[PDB]
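This is query_1.tsv. It holds TSV, C-alpha atoms.
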```tsv
chain	number	residue	atom	x	y	z
P	4	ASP	CA	-16.40	152.61	188.47
P	5	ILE	CA	-18.21	149.44	189.52
P	6	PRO	CA	-21.41	149.20	191.65
P	7	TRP	CA	-21.91	146.87	194.64
P	8	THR	CA	-21.34	143.35	193.35
P	9	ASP	CA	-21.15	139.83	194.78
P	10	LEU	CA	-17.78	138.23	195.23
P	11	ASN	CA	-17.54	134.69	193.89
P	12	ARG	CA	-17.73	132.60	197.10
P	13	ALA	CA	-15.19	129.83	197.82
P	14	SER	CA	-16.32	126.23	198.22
P	15	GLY	CA	-17.46	125.50	201.77
P	16	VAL	CA	-18.72	129.11	202.08
P	17	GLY	CA	-22.46	129.65	202.67
P	18	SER	CA	-24.79	131.51	200.26
P	19	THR	CA	-26.51	133.65	202.92
P	20	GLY	CA	-25.27	137.01	204.15
P	21	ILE	CA	-23.63	139.76	202.16
P	22	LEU	CA	-20.20	139.67	200.55
P	23	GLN	CA	-19.68	142.49	198.07
P	24	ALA	CA	-17.14	144.84	196.57
P	25	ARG	CA	-17.22	148.05	194.53
P	26	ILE	CA	-14.82	150.54	192.95
P	27	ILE	CA	-15.57	154.28	193.22
P	28	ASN	CA	-13.05	157.05	192.43
P	29	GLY	CA	-10.27	154.40	192.19
P	30	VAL	CA	-10.74	152.82	195.62
P	31	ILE	CA	-11.94	149.24	195.99
P	32	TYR	CA	-14.44	148.74	198.84
P	33	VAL	CA	-15.19	145.32	200.34
P	34	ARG	CA	-17.87	144.34	202.86
P	35	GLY	CA	-18.80	141.04	204.45
P	36	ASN	CA	-21.75	140.51	206.70
P	37	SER	CA	-22.84	137.27	208.35
P	38	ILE	CA	-21.00	135.11	205.82
P	39	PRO	CA	-21.13	131.47	206.95
P	40	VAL	CA	-17.68	129.92	206.66
P	41	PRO	CA	-16.32	126.39	207.07
P	42	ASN	CA	-14.45	125.26	210.19
P	43	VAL	CA	-11.30	127.29	210.75
P	44	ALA	CA	-8.78	125.33	212.77
P	45	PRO	CA	-6.34	127.26	214.99
P	46	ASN	CA	-3.82	129.18	212.85
P	47	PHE	CA	-5.46	127.99	209.63
P	48	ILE	CA	-6.61	130.23	206.78
P	49	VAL	CA	-9.55	129.38	204.49
P	50	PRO	CA	-10.82	131.19	201.36
P	51	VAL	CA	-14.07	133.18	201.48
P	52	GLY	CA	-14.42	134.54	197.97
P	53	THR	CA	-12.80	135.89	194.83
P	54	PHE	CA	-13.24	139.15	192.86
P	55	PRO	CA	-15.04	138.77	189.54
P	56	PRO	CA	-12.84	139.41	186.49
P	57	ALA	CA	-14.34	142.94	186.04
P	58	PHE	CA	-12.36	144.22	189.08
P	59	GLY	CA	-8.99	143.42	187.51
P	60	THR	CA	-5.75	142.26	189.10
P	61	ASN	CA	-4.27	145.63	190.30
P	62	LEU	CA	-5.80	145.27	193.79
P	63	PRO	CA	-4.25	146.17	197.15
P	64	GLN	CA	-2.86	143.71	199.65
P	65	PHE	CA	-3.12	143.94	203.44
P	66	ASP	CA	-4.32	142.17	206.54
P	67	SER	CA	-6.93	143.31	209.00
P	68	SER	CA	-9.24	142.26	211.80
P	69	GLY	CA	-12.76	140.95	211.53
P	70	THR	CA	-15.01	138.90	213.79
P	71	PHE	CA	-16.27	135.36	213.88
P	72	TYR	CA	-19.85	134.98	215.24
P	73	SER	CA	-22.03	132.18	216.64
P	74	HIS	CA	-24.52	131.76	219.55
P	75	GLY	CA	-24.15	135.32	220.92
P	76	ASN	CA	-20.33	135.21	220.99
P	77	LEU	CA	-17.91	137.20	218.82
P	78	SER	CA	-14.33	136.10	218.18
P	79	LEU	CA	-11.41	137.87	216.56
P	80	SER	CA	-10.62	136.87	212.96
P	81	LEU	CA	-7.79	137.66	210.51
P	82	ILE	CA	-8.89	138.92	207.09
P	83	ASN	CA	-6.54	138.62	204.15
P	84	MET	CA	-7.22	141.06	201.31
P	85	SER	CA	-5.27	140.59	198.09
P	86	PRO	CA	-5.83	140.23	194.34
P	87	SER	CA	-6.56	136.55	195.13
P	88	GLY	CA	-9.75	137.67	196.95
P	89	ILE	CA	-10.67	137.40	200.63
P	90	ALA	CA	-9.58	134.66	203.03
P	91	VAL	CA	-10.10	134.31	206.78
P	92	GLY	CA	-7.56	133.16	209.40
P	93	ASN	CA	-8.29	131.91	212.96
P	94	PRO	CA	-5.84	133.47	215.45
P	95	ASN	CA	-7.62	131.84	218.44
P	96	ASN	CA	-6.72	128.78	220.55
P	97	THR	CA	-9.77	126.70	219.50
P	98	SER	CA	-11.26	125.90	216.08
P	99	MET	CA	-13.91	128.30	214.79
P	100	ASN	CA	-16.84	126.15	213.70
P	101	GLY	CA	-20.33	127.01	212.38
P	102	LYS	CA	-19.33	130.71	212.40
P	103	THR	CA	-20.32	133.64	210.26
P	104	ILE	CA	-17.79	136.39	209.51
P	105	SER	CA	-18.14	140.16	209.17
P	106	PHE	CA	-15.72	142.89	208.16
P	107	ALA	CA	-15.31	145.93	205.96
P	108	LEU	CA	-12.19	147.23	204.26
P	109	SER	CA	-11.09	149.55	201.48
P	110	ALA	CA	-7.95	150.82	199.78
P	111	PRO	CA	-6.80	152.57	196.57
P	112	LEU	CA	-6.15	150.38	193.53
P	113	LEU	CA	-2.63	149.72	192.21
Y	4	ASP	CA	13.34	146.48	212.01
Y	5	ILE	CA	11.42	148.44	214.64
Y	6	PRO	CA	10.30	146.59	217.80
Y	7	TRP	CA	6.86	147.03	219.36
Y	8	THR	CA	6.53	150.78	220.05
Y	9	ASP	CA	3.66	152.76	221.58
Y	10	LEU	CA	2.06	155.27	219.24
Y	11	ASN	CA	1.56	158.83	220.47
Y	12	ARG	CA	-2.13	159.32	221.21
Y	13	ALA	CA	-4.06	162.28	219.78
Y	14	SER	CA	-5.96	164.69	222.02
Y	15	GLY	CA	-9.11	163.39	223.72
Y	16	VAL	CA	-7.85	159.83	223.46
Y	17	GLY	CA	-7.74	157.89	226.72
Y	18	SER	CA	-4.58	156.62	228.44
Y	19	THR	CA	-5.71	153.02	229.13
Y	20	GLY	CA	-5.44	150.07	226.70
Y	21	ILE	CA	-2.54	149.52	224.31
Y	22	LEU	CA	-1.69	151.09	220.94
Y	23	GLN	CA	1.54	150.04	219.30
Y	24	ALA	CA	3.28	149.22	216.02
Y	25	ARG	CA	6.35	147.24	214.80
Y	26	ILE	CA	8.23	146.64	211.52
Y	27	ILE	CA	9.56	143.17	210.67
Y	28	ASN	CA	11.04	142.58	207.21
Y	29	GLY	CA	9.46	145.53	205.32
Y	30	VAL	CA	6.00	144.95	206.84
Y	31	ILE	CA	4.36	147.14	209.47
Y	32	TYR	CA	1.97	145.66	212.06
Y	33	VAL	CA	-0.35	147.84	214.13
Y	34	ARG	CA	-2.65	146.75	216.96
Y	35	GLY	CA	-5.04	148.43	219.35
Y	36	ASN	CA	-6.51	146.89	222.47
Y	37	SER	CA	-9.32	148.60	224.41
Y	38	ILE	CA	-8.31	152.12	223.42
Y	39	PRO	CA	-10.75	154.71	224.77
Y	40	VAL	CA	-11.73	157.10	221.93
Y	41	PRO	CA	-13.85	160.32	221.62
Y	42	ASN	CA	-17.52	160.21	220.56
Y	43	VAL	CA	-17.71	159.72	216.79
Y	44	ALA	CA	-20.74	160.73	214.75
Y	45	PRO	CA	-21.89	158.58	211.81
Y	46	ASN	CA	-19.45	159.06	208.88
Y	47	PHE	CA	-17.12	161.33	210.89
Y	48	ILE	CA	-13.50	160.55	211.81
Y	49	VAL	CA	-11.68	160.91	215.13
Y	50	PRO	CA	-7.84	160.87	215.41
Y	51	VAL	CA	-6.42	158.15	217.68
Y	52	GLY	CA	-2.63	157.97	217.37
Y	53	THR	CA	0.45	158.92	215.36
Y	54	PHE	CA	3.61	156.97	214.47
Y	55	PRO	CA	6.93	158.00	216.02
Y	56	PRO	CA	9.47	159.25	213.36
Y	57	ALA	CA	11.31	155.92	213.66
Y	58	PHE	CA	8.61	154.33	211.42
Y	59	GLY	CA	9.35	156.80	208.60
Y	60	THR	CA	7.35	158.15	205.67
Y	61	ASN	CA	6.64	155.17	203.41
Y	62	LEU	CA	3.60	153.88	205.32
Y	63	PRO	CA	0.58	152.37	203.51
Y	64	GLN	CA	-3.00	153.67	203.35
Y	65	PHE	CA	-6.15	151.61	203.83
Y	66	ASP	CA	-9.36	151.43	205.84
Y	67	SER	CA	-10.09	148.19	207.73
Y	68	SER	CA	-12.49	146.96	210.42
Y	69	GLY	CA	-12.13	147.04	214.18
Y	70	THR	CA	-14.62	147.03	217.02
Y	71	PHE	CA	-16.25	149.64	219.25
Y	72	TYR	CA	-17.05	148.47	222.76
Y	73	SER	CA	-18.97	149.64	225.81
Y	74	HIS	CA	-21.27	148.00	228.38
Y	75	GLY	CA	-20.79	144.44	227.12
Y	76	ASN	CA	-21.72	145.34	223.53
Y	77	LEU	CA	-19.58	145.34	220.36
Y	78	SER	CA	-20.20	147.28	217.15
Y	79	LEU	CA	-18.45	147.70	213.78
Y	80	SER	CA	-15.77	150.42	213.77
Y	81	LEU	CA	-13.74	151.56	210.79
Y	82	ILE	CA	-9.94	151.84	211.18
Y	83	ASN	CA	-8.15	154.50	209.12
Y	84	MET	CA	-4.45	153.73	208.41
Y	85	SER	CA	-2.08	156.22	206.72
Y	86	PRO	CA	1.29	157.97	207.05
Y	87	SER	CA	-0.74	160.32	209.31
Y	88	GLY	CA	-1.40	157.62	211.90
Y	89	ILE	CA	-4.47	155.74	213.11
Y	90	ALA	CA	-7.93	157.30	213.17
Y	91	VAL	CA	-11.36	155.80	213.82
Y	92	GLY	CA	-14.60	156.03	211.80
Y	93	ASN	CA	-18.24	155.22	212.52
Y	94	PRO	CA	-20.03	153.12	209.85
Y	95	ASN	CA	-23.15	152.95	212.05
Y	96	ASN	CA	-26.15	155.29	211.75
Y	97	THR	CA	-25.97	156.29	215.47
Y	98	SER	CA	-23.09	158.05	217.25
Y	99	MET	CA	-20.50	155.79	218.89
Y	100	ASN	CA	-20.07	157.17	222.38
Y	101	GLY	CA	-17.99	156.09	225.39
Y	102	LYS	CA	-16.33	153.40	223.29
Y	103	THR	CA	-12.97	151.61	223.48
Y	104	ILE	CA	-11.50	150.27	220.22
Y	105	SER	CA	-9.63	147.07	219.39
Y	106	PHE	CA	-8.07	146.18	216.03
Y	107	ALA	CA	-5.13	144.59	214.27
Y	108	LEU	CA	-3.68	145.35	210.86
Y	109	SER	CA	-0.60	144.93	208.70
Y	110	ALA	CA	0.75	145.64	205.22
Y	111	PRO	CA	4.10	145.87	203.43
Y	112	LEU	CA	5.83	149.26	203.50
Y	113	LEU	CA	5.50	151.45	200.35
```
Could you quickly redo this structure as structure tokens?
Amino acid sequence: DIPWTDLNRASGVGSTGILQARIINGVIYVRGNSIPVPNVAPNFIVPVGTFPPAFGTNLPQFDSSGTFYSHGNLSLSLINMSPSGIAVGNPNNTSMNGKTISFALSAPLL
Amino acid sequence: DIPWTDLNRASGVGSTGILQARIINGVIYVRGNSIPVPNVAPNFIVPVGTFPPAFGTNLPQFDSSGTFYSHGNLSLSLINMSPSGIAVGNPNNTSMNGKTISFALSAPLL
């Protein structure tokens, strides 16, 4: 069991907001709130952060939805969860620039 | 490979919006667009849809993010994925009422 802990943030990623994970009863939980991210060009994916060594490598893999946010407007994002950490894809027609991202996800460990 | 197929919606779930899943190369994709759901209390779970028997037994389990929506306002929803279908959770400290949900997710089978 591991308490709420900061993910190691990828280069280009801002230091403000919350990006944490925890393991309770064998399920990894991840949450991201108002994480500033670099520019995400259309159909590009950029890294957001990586799981400290303490979490191990037996982590689940799946894709889910999140949001991009700036200036009152929310946009749909693609969140990649894997052992490699969290990354964010832009499924929209225009680049996503000066945005923050938010999501929450969880799944059993492997 | 299963083409885009409508899920069967659980009781209380509205008829508008779109809720469907597909399997391409051992990976299931599920999306919801403006699906009207029942009032959900904080930390409680409301059933949304079930997979037709074509999709089989070997479906993954994880919780991801989606959105709640009413009256021009979006909030964080939780999306529950399992063999049992799609269900929606409320990570907010107030009840989510009169909401439609949108989400997208995917993972490999097994």
Taking into account all atoms listed in the file, which residue in the set Y:104, Y:24, Y:82, Y:62 is nearest to residue 39 of chain Y?
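Nearest to residue 39 of chain Y: Y:104.
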Take atom CA of residue 6 of chain P and atom CA of residue 58 of chain P and report the distance between them in Å, one decimal.
10.6 Å
Chain P contacts to chain Y at 9 Å (all atoms listed in the file) as a ChimeraX atom specification:
/P:63-70,77,79,81,105-111
Please indicate the distance in Å from atom CA of residue 17 of chain Y to atom CA of residue 57 of chain Y, rounded to one decimal place.
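So the answer is 23.2 Å.
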Do a neighbour search on residue 36 of chain Y at 6 Å with all atoms listed in the file, toss out local chain neighbours closer than 2 positions, and write the hits as a PyMOL selection string.
chain Y and resi 20-21+38+105
Please write as a ChimeraX atom specification the list of polymer residues whose atoms come within 12 Å of (-11.5, 156.1, 223.1), counting all atoms listed in the file and keeping to the coordinates of the file.
/Y:12-22,35-43,49-52,70-73,80,90-92,99-105
Between atom CA of residue 28 of chain P and atom CA of residue 88 of chain Y - distance in Å to one decimal:
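Separation of atom CA of residue 88 of chain Y and atom CA of residue 28 of chain P: 22.7 Å.
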Axis-aligned box for segment 95-107 of chain P, 8 Å per side, centre and edges in Å as AutoDock Vina command-line options:
```
--center_x -13.5 --center_y 135.9 --center_z 213.3 --size_x 29.6 --size_y 36.0 --size_z 30.6
```
Tell me which residues come within 8 Å of (-23.5, 161.9, 214.1), as an MDAnalysis selection string, counting all atoms listed in the file in the file's coordinates.
chainID Y and resid 43:47 96:98
For the selection just defined, write its residues with C-alpha atoms to a file, as a PDB file, in the coordinates of the input.
```pdb
ATOM      1  CA  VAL Y  43     -17.710 159.720 216.790  1.00  0.00           C
ATOM      2  CA  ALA Y  44     -20.740 160.730 214.750  1.00  0.00           C
ATOM      3  CA  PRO Y  45     -21.890 158.580 211.810  1.00  0.00           C
ATOM      4  CA  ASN Y  46     -19.450 159.060 208.880  1.00  0.00           C
ATOM      5  CA  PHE Y  47     -17.120 161.330 210.890  1.00  0.00           C
ATOM      6  CA  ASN Y  96     -26.150 155.290 211.750  1.00  0.00           C
ATOM      7  CA  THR Y  97     -25.970 156.290 215.470  1.00  0.00           C
ATOM      8  CA  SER Y  98     -23.090 158.050 217.250  1.00  0.00           C
TER       9      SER Y  98
END
```
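When all atoms listed in the file are used to compute distances to residue 55 of chain P, the closest of the residues P:5, P:74, P:27, P:113 turns out to be P:5.
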